[PDB]
8 protein chains.
Amino acid sequence: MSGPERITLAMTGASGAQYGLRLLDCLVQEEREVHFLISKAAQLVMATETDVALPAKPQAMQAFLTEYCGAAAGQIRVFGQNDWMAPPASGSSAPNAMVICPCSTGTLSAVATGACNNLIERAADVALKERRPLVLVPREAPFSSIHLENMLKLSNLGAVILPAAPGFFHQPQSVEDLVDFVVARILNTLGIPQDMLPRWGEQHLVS
Amino acid sequence: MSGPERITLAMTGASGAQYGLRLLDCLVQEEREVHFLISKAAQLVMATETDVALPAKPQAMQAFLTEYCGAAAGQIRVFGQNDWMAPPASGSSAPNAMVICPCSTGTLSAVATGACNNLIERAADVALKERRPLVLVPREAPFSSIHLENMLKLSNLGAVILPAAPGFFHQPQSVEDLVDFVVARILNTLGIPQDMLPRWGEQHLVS
Amino acid sequence: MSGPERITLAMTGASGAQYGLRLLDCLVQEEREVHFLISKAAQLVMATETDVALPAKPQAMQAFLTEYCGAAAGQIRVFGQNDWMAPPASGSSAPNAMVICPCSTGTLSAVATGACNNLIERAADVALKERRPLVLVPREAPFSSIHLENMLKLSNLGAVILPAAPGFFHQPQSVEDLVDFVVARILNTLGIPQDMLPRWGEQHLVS
Amino acid sequence: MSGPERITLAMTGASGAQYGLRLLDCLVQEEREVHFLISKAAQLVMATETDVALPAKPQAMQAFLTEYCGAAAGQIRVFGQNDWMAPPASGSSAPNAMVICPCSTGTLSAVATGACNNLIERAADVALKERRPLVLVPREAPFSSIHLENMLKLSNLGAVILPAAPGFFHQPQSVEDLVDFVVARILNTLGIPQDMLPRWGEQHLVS
Amino acid sequence: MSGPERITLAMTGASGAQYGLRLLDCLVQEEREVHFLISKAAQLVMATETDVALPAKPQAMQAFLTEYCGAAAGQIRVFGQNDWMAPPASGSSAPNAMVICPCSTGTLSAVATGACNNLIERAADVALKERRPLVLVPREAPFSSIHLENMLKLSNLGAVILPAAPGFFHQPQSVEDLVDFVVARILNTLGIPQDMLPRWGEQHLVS
Amino acid sequence: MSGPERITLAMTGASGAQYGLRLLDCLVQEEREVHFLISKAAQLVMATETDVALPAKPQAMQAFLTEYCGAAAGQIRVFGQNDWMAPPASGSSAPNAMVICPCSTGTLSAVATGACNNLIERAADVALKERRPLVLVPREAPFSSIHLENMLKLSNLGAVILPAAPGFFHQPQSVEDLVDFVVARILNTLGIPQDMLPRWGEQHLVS
Amino acid sequence: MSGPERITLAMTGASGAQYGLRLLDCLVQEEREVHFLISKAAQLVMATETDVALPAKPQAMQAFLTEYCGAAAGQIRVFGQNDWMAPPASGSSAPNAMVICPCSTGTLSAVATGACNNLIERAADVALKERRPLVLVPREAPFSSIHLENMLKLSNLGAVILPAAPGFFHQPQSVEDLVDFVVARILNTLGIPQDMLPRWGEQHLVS
Amino acid sequence: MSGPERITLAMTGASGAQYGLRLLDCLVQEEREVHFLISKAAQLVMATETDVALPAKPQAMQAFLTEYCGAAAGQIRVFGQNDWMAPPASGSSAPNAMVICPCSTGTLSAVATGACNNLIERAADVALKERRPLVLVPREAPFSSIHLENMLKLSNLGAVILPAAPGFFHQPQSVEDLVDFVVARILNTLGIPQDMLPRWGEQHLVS
Ligand SMILES: Cc1cc2nc3c(=O)[nH]c(=O)nc-3n(C[C@H](O)[C@H](O)[C@H](O)COP(=O)(O)O)c2cc1C
Ligand SMILES: Cc1cc2nc3c(=O)[nH]c(=O)nc-3n(C[C@H](O)[C@H](O)[C@H](O)COP(=O)(O)O)c2cc1C
Ligand SMILES: Cc1cc2nc3c(=O)[nH]c(=O)nc-3n(C[C@H](O)[C@H](O)[C@H](O)COP(=O)(O)O)c2cc1C
Ligand SMILES: Cc1cc2nc3c(=O)[nH]c(=O)nc-3n(C[C@H](O)[C@H](O)[C@H](O)COP(=O)(O)O)c2cc1C
Ligand SMILES: Cc1cc2nc3c(=O)[nH]c(=O)nc-3n(C[C@H](O)[C@H](O)[C@H](O)COP(=O)(O)O)c2cc1C
Ligand SMILES: Cc1cc2nc3c(=O)[nH]c(=O)nc-3n(C[C@H](O)[C@H](O)[C@H](O)COP(=O)(O)O)c2cc1C
Ligand SMILES: Cc1cc2nc3c(=O)[nH]c(=O)nc-3n(C[C@H](O)[C@H](O)[C@H](O)COP(=O)(O)O)c2cc1C
Ligand SMILES: Cc1cc2nc3c(=O)[nH]c(=O)nc-3n(C[C@H](O)[C@H](O)[C@H](O)COP(=O)(O)O)c2cc1C
Ligand SMILES: CC(C)=CCOP(=O)(O)O
Ligand SMILES: CC(C)=CCOP(=O)(O)O
Ligand SMILES: CC(C)=CCOP(=O)(O)O
Ligand SMILES: CC(C)=CCOP(=O)(O)O
Ligand SMILES: CC(C)=CCOP(=O)(O)O
Ligand SMILES: CC(C)=CCOP(=O)(O)O
Ligand SMILES: CC(C)=CCOP(=O)(O)O
Ligand SMILES: CC(C)=CCOP(=O)(O)O
Ligand SMILES: [K+]
Ligand SMILES: [K+]
Ligand SMILES: [K+]
Ligand SMILES: [K+]
Ligand SMILES: [K+]
Ligand SMILES: [K+]
Ligand SMILES: [K+]
Ligand SMILES: [K+]
């Protein structure tokens, strides 16, 4: 396979829960192992914006998502917000790429300042120190200078700041096509195959 | 009325032409005067992503948009890319709020560095020097550090950086609902009434 | 009326609970709507420094303050520290001015770094991104370089840093006169009428 | 009326005394209250460059300017350089917009560094801390890096740096037309009506 | 004794003359030698805000304060604003701790930029270069970014920025108790004994 | 002769075409060789603000200016905006001093960022890299922080930023006297003799 | 002659009055015209450290120094501290090199921040803006970070910071030989001949 | 005793060998233990500028200086330039204050950048990391921006930059009195008694 075998996927409490669930589904379809993390605010966001009845506690959540995505047993690992015994908490862990999708301004802040108040923030801290892939998907508008300064610092350190800003150049017809555009870009960034978003210009030889 | 009587609306060559056309339509419905500017690349974007057959030259374009939006004669002014005799080129002009929607990375760059290679860039330069409202709506992902540095500099100077990043917290059902979310935020930023996006929590008294 | 119709008033755990309660009382007397927030540490401060027996939970607190200030029903809204459904959590809310009085060094830090760990911090983040008024009233001495750097960053972004540093130039006779001096300055900053602190020099025509 | 009711007008010792006197005259014609301040060096500049025989001391000066401009009694207040009992010395004063016209490099420096060695410098310090309008009209050439750094710092803090650099695009025929161009720009900046400088392009609908 | 034998106490023209006089009284009671300096504006502040009839010239002032505080002959030295022959003007002097209480924004500025326009400013310059204690007690609100930048630079260089911001956690009953809180903090900073403000938590062994 | 034998004189599209034409005339009278460059926008400015009927293309322009100024054949060279074969395009050229008068904000920006989109911008880039004289004459008001940052960067690198800000201290009687003041300052900066503006104080021996 | 025909020599209130008087004497012996300025504190320094009975007022001072140095009539011009009609106050003056010897920390500060509170500070401001030579001779120890920051800013702008730090490598036998070392370095910096300090290594051909 | 019991005294290859030898003599007279280090270039400087016939190797050097200063056996320790077994090489050593007198620009550079190419540079690195006193005595003129940047960085970190810049305010009569002035300042900085330089103003009670 091209791309990482294992992805830490963290969902935090920005609007755009559909992006995280769709990414999770695509990662599972590409036979990747997913270490799944979710903040308390992201649970509230998912309750508000989707019809997904996500259980509260990690093992029920794991059973639930494994069924929701059609994953294999053990393919989705779920870890709680203070579970320091999980692989993402230490750089001695097997290497994973990490994506925070969606990324709240509060989680962006914690990662930029090194905060490490829950396992999502610590996992990001580990990714940066180990020079492992870290993709942040912020969903906010306007962006203040505080947001922008935090994104710049992390981009300068090699994190990918991929805002939930879909393009329209493949004539989307539905909300799902817009969600898929952003998910495609994430997968492209990770180097994981996807066929939702064609390769621009691939056919074009001259002019 | 609340908000500005006159808006300079510039469309540049980022994906998201639908945002600009919908904003234009809403401004017209709120009886605002619109000074409309469009880059050569934005004309190509509109051709590619929409079914709008926009004429090339300013007076035909003006006739066209006035009909497309149901505007009054003279309500939409269209100015070409080197028309220095237009109001936006000088700070001695009557005050206008300016929005660049969508804003390409190239136009973001020109505005951040002071470039002033066409009338859109000069108009933004004027807005900043006169301390008139300037809203930029970038559409790009990932954002590089170059993008982020340009957005930060302008945000620090009081421009509003409003990325084309719609939220999902009012359960959008269509592409149009997502377009309207971003347009609503722009209008809110300008202080122009809108009823596409309710006031969050306005009903909520306690808990 | 001059000034904002609605104020988010956050009390955090610095010494100076009397400033917050007096501001609350003045806002109510000027017929403003107050969205009231209070941190867990600020509850402890109020217990220690005042004889106000503030209830713990938001609806009892609301009933209590509405009586304490002589407010109208619904004039004071109280929201808990994780109540994301409250207006201050989103920039799509109706516009409010925000004051954090008193402001602890910890809350100053969170606002400067974008932290957004409770509703006070998120509300401040929203005020900054929406370019709505934000006044911070820090109470600390000495100020370290960490404090000063945090205040500078926020001042440069257009927040008003109004330290709880009363003047003596209108010959205060009591603790209450000093409290009122600072409250007056806050109201002046917000553009809300007050008659506790005269307009300096207003009578003086020459010399 | 549009614009501020009260303006602090400070004249400092740069060449361009005619700009200050013409602004003073226009403010008086627009029925504004003017708190007038003048430095010792600016008195020497006015003696050298104009035929205005300005008295030395504040009450004689006030009597003099009230007659020179055709102002109402009390419309022009004159305050001496150490008169801390004047409104501009305290932020508890009634709000005023402040203009320093012309602004010497020495006064620019004092305002940028926070110096507060006379009432002009203190008044500027107050305007900045209260977020009241502050317009500086420097007259110098070349500008050194020291000048430019001082202007940048103040511009970044929201002061308007309006150099005494008239334009020629309304075909000036006299020294007075050039003086009026700069005065017009100041009034435009303050939001005070003026009809010396037309609104650029106001007639132009297309091309 | 603990703490410095000699303190340079400078009073400058911020509101809060009571803090300086109370500190002076406490230093005298702790048998310290005080080199007392006072600015022209601080003389005006003391006239306005207090009933202390301070003589204008240094020897009469010295006689006056020695009586006002019950000091020993020679215990309070008073030096004029251009007296370069006084100990504080040279780093070859015997070591002293220096406090500027209250500190105006103008004096803060001079010390941060190295100005050295009177003996207070030069004495501060000397303290910094000799790495002798320097405590500044600013009294201002709001603080602008200019103030904050000046305080930060000096804090980074090891000056103590101690704003006149009293706490309420020992239930003050009078203006005097608030004045004493700030004076206590200054003495604590200098390492001089005081019994106005108890040692927080000194009794508390667990929980 | 004192001063440079050859000057590259670039006119760009700021108001103040009269300054460029008067400088050109003075350079010709001082028997200097002038490499003359003019932007497309500056052609429009000259059409609008002056009665000079400047031809469009370089050889007709050259014939025209040689007659307008009374120059010798070959004394004024005119080069088009993409003429890379002209001396100013390479640092291997014979040394010239360069003046951009007037300098638009857009040209200021290009020079500060190194843009090199036409021969004026490239010529400035060459002057800086070769450490040859470069004088910029901006005409704009207000100056934004973007302008000021661009001017500062270039001043720090040894360019002379000479704003079109005439003084009044030699009692100008006409628009021409103000134009001549700025032209005089440019010539002084270049070290070229001029007798329009006397040497200040040259007669004054004492007091 | 090599070097400047005219030197502005400013003496300020640092220890090292002997350096200024010796430089003055050497400039006179090299037939240079000297525009001499002296601060009030430097007058006190000269009284304290030397046996030179310098008169207080500019014309008596001029008569005095012309005799003390054996100068020609008119060769030394003396200008008072507020004499704006003197050549050094304007950049339109004939070009001069400027030396501040000795330079106090207070004058260093004023020049670095652009202060322009007397004619010495303004003259330095003019030298920098006109890119005329400016040499500062500070005498202080230790140097604080404030001093060092001020010297760095001015050095980066092309001022020469020449501390009064004599070398011993030509085996000085007297205080005068040390004074002459520093004076020699100043003259070398200005490009004025001197034969007090030989050219190091001038005889040495190999090894 | 007041002050440190042990001083690391490093001599490097700036002019001013007399300062180092005189400091060494004074430290010995105050019964301090001296860890003496000397660079290869400083040996050449001492040969050139003094009549001291310093032996090359550490034990002969030690015998020599112990006799030259009248020290006790073991009071002066001499360590070679690569002797890592000496106390100054490790922060686990007993605490010492360190002085580099004189300090060359090359040694200043090494200390500012952390170089640690000989035992002098490493000893300074250790002093900084352990927060032990470090005094640098540079002898150079002019100071370039490189020097000044290096001194600033170290001053900001709490090193004392004490340039070899003697004052004249105690009317020196000989080269030795100037050497003693600088040595006095060093001892004052270290807190070691000295009676070469009186305490300025110690007698002065008023005026
Ligand atoms: C429905 C809902 C939508 C939200 N949308 C956003 C959003 O788009 N962006 C954002 O930064 N915060 C948003 N928030 C707020 C955060 O959830 C909040 O600041 C929280 O503290 C983030 O915590 P976390 O980073 O641990 O997930 C939203 C909250 C709710 C309830
Ligand atoms: C179909 C199409 C879509 C594009 N989408 C984007 C985009 O989303 N963001 C962007 O920065 N540039 C995009 N570009 C590229 C720009 O149009 C291009 O860089 C151009 O130079 C911008 O010029 P302008 O700023 O004058 O409009 C797109 C171009 C095309 C043709
Ligand atoms: C009685 C009391 C007084 C306090 N006074 C202050 C104060 O003046 N300034 C401050 O920054 N913190 C003070 N604190 C500490 C804070 O309350 C503490 O750091 C807390 O974490 C702040 O949390 P918050 O910002 O959520 O309110 C005080 C705490 C108590 C109990
Ligand atoms: C006739 C005259 C013209 C002056 N022109 C200027 C000028 O154009 N720009 C400037 O910065 N200073 C100029 N100055 C110098 C200042 O007046 C001087 O630096 C003074 O210290 C400024 O003090 P102030 O800022 O309190 O007015 C001029 C002085 C005189 C006498
Ligand atoms: C009654 C009175 C109260 C003042 N209060 C303050 C104050 O609280 N803070 C401040 O920075 N300046 C205040 N000022 C202004 C200063 O005194 C003024 O800016 C002055 O130039 C400071 O000079 P100094 O630093 O030499 O004392 C006050 C002045 C007066 C007369
Ligand atoms: C009549 C006229 C006057 C102008 N005046 C100015 C001006 O004073 N300052 C400025 O920066 N731009 C001014 N402009 C705008 C510029 O000409 C424009 O931004 C252009 O892109 C500059 O291009 P250039 O730098 O290649 O000349 C003016 C334009 C016109 C037509
Ligand atoms: C005898 C004497 C010696 C002084 N020596 C110095 C000195 O070496 N360095 C210094 O910066 N200030 C020294 N000062 C202090 C200044 O003179 C003082 O800070 C003054 O404000 C400087 O003003 P000026 O820059 O206008 O000359 C000395 C003062 C006196 C009286
Ligand atoms: C006689 C003599 C005098 C010197 N004077 C100085 C001086 O005053 N300042 C300086 O930085 N370097 C001076 N140098 C140069 C240095 O000694 C040289 O740059 C050397 O590399 C410094 O090495 P060090 O730092 O290991 O001692 C002098 C050299 C010699 C021989
Ligand atoms: C949870 C854990 C073992 C953390 C230590 O990880 P690492 O050495 O900091 O990468
Ligand atoms: C097109 C035009 C008249 C530009 C000059 O505008 P401004 O004086 O720079 O605001
Ligand atoms: C609680 C909530 C709906 C947060 C989203 O607000 P916004 O789009 O970030 O201003
Ligand atoms: C002259 C005076 C009362 C200054 C105090 O004003 P403020 O509290 O600093 O705005
Ligand atoms: C007033 C005086 C002797 C100043 C010189 O002091 P220092 O050498 O700069 O500490
Ligand atoms: C037009 C030309 C030959 C450009 C190369 O010039 P240079 O080597 O960059 O100074
Ligand atoms: C004293 C005087 C005429 C100052 C103006 O000089 P310049 O135009 O600022 O160089
Ligand atoms: C020569 C030596 C033992 C160096 C180690 O010292 P340290 O642990 O770095 O202070
Ligand atoms: K959590
Ligand atoms: K274009
Ligand atoms: K909380
Ligand atoms: K004055
Ligand atoms: K004073
Ligand atoms: K062009
Ligand atoms: K003076
Ligand atoms: K060596």
Side-chain angles (χ1 to χ4, degrees), chain E residues 4-12 33-40 42 57-59 61-62 76-100 103 107 110-111 113-136 159, chain G residues 11-17 39-50 102-110 138-144 146-147 150 164, chain H residues 162 165-171 181 184-185 188-189 197-206:
Chain E
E5 274 188 272
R6 301 170 285 280
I7 299 89
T8 299
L9 171 59
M11 302 183 60
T12 71
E33 175 174 325
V34 182
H35 293 192
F36 184 90
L37 313 174
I38 188 166
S39 72
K40 166 185 129 40
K57 311 322 288 285
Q59 174 73 247
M61 197 182 289
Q62 188 175 266
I76 305 175
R77 301 206 202 176
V78 175
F79 303 121
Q81 292 293 98
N82 287 266
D83 188 1
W84 315 115
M85 294 342 206
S90 177
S92 68
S93 63
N96 281 27
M98 179 166 184
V99 181
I100 309 180
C103 187
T107 291
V111 174
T113 62
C116 258
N117 288 319
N118 58 39
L119 177 63
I120 293 170
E121 297 167 17
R122 173 62 178 174
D125 196 62
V126 168
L128 287 164
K129 85 186 176 80
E130 301 298 339
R131 312 287 189 162
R132 294 169 182 183
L134 176 63
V135 182
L136 276 63
Chain G
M11 302 183 60
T12 71
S15 194
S39 72
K40 166 185 129 40
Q43 296 182 248
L44 302 166
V45 175
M46 198 172 276
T48 304
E49 303 194 330
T50 77
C103 187
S104 69
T105 63
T107 291
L108 165 60
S109 170
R139 203 320 297 172
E140 182 61 278
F143 283 155
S144 70
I146 290 174
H147 309 153
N150 288 340
Chain H
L162 201 170
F168 287 74
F169 53 82
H170 281 300
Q171 304 76 224
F181 182 103
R185 298 312 290 240
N188 285 351
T189 290
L197 185 65
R199 295 160 136 203
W200 185 259
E202 189 173 35
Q203 293 170 298
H204 184 85
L205 275 167
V206 77

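Numbers restart at 1 for each chain; the letters A, B, ... are given by sequence-line order, proteins then strands. All values below were derived from every heavy atom in this structure, side-chain atoms included, with hydrogens, water molecules and symmetry-related copies excluded.
Interatomic distance, CG of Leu128(E) versus CE of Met98(E), reported as 9.5 Å (0.5 Å rounding). Summarising the geometry, atom NE2 belonging to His147(G) is positioned 10.5 Å from atom SG belonging to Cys103(G); distances are rounded to the nearest 0.5 Å. In this structure, the separation between CE on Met85(E) and CD on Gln203(H) is 12.5 Å, given to the nearest 0.5 Å. To the nearest 0.5 Å, atom CD1 of residue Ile100(E) and atom CG of residue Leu134(E) are 5.5 Å apart. Remark: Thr107(E) OG1 to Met11(E) CE distance equals 12.0 Å, nearest 0.5 Å. Rounded to the nearest 0.5 angstrom, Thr113(E) OG1 and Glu121(E) CD are separated by 8.0 Å.
A search for ring pair (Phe, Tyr, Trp, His ring centres under 6.0 Å) contacts involving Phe143(G) returns nothing, not counting sequence neighbours. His35(E) meets the ring pair (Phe, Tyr, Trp, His ring centres under 6.0 Å) test with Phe79(E); sequence neighbours excluded. Applying the ring pair (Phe, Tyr, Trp, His ring centres under 6.0 Å) test to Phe169(H) and every residue at least two apart in sequence or in another chain returns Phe181(H), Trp200(H).
Under a 4.0 Å N-O distance rule, the pair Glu140(G)/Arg185(H) does not qualify as a salt bridge.
No donor-acceptor pair under 3.5 Å is formed between the side chain of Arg132(E) and the backbone N or O of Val126(E). Checked by atom type and distance alone, the side chain of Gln62(E) pairs as donor or acceptor with a backbone atom of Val78(E) at under 3.5 Å. A distance-only check finds no donor-acceptor pair linking the side chain of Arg122(E) to the backbone of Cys116(E) [under 3.5 Å]. In this structure a side-chain-to-backbone donor-acceptor pair under 3.5 Å is missing from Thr12(G) to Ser39(G).
Nearest heavy-atom pair, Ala17(G) versus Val45(G), reported as atom, atom and distance to 0.1 Å: CB-CG1, 4.3 Å. Here the shortest heavy-atom pairing between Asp83(E) and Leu119(E) reads O-CD2, 3.6 Å. When all heavy atoms of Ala141(G) and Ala165(H) are compared, the pair lying nearest together is CB-O, 4.5 Å. The minimum heavy-atom distance linking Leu197(H) with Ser92(E) is given by the pair CD2-CB, 3.8 Å. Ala127(E) and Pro133(E) make their closest contact through CB-O, 4.2 Å (heavy atoms, listed as atom of the first residue, atom of the second, distance). The two atoms that bring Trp84(E) and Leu44(G) nearest to each other are CD1-CD1, 3.8 Å, heavy atoms only.
Using a 4.5 Å heavy-atom cutoff, the side chains of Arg6(E) and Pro95(E) are in contact. Put simply, the side chain of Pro142(G) reaches to within 4.5 Å of the side chain of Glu130(E), judged on heavy atoms.
The 12-atom threshold is exceeded at CD of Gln171(H), counting heavy atoms of other residues, nucleotides or ligands nearer than 6.0 Å.
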Show your working on side-chain contact (heavy atoms from CB on, under 4.5 Å) between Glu33(E) and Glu5(E) and close with a plain yes or no.
CA-CA 6 Å; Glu33(E) 175 174 325; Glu5(E) 274 188 272; 6.0 Å; no

Check the pair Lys40(G) / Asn82(E) against side-chain contact (heavy atoms from CB on, under 4.5 Å), numbers first and verdict last.
CA-CA 10 Å; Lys40(G) 166 185 129 40; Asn82(E) 287 266; 4.0 Å; yes

Between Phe168(H) and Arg139(G), does a side-chain contact (heavy atoms from CB on, under 4.5 Å) hold up when you go through it step by step?
CA-CA 10 Å; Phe168(H) 287 74; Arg139(G) 203 320 297 172; 5.6 Å; no

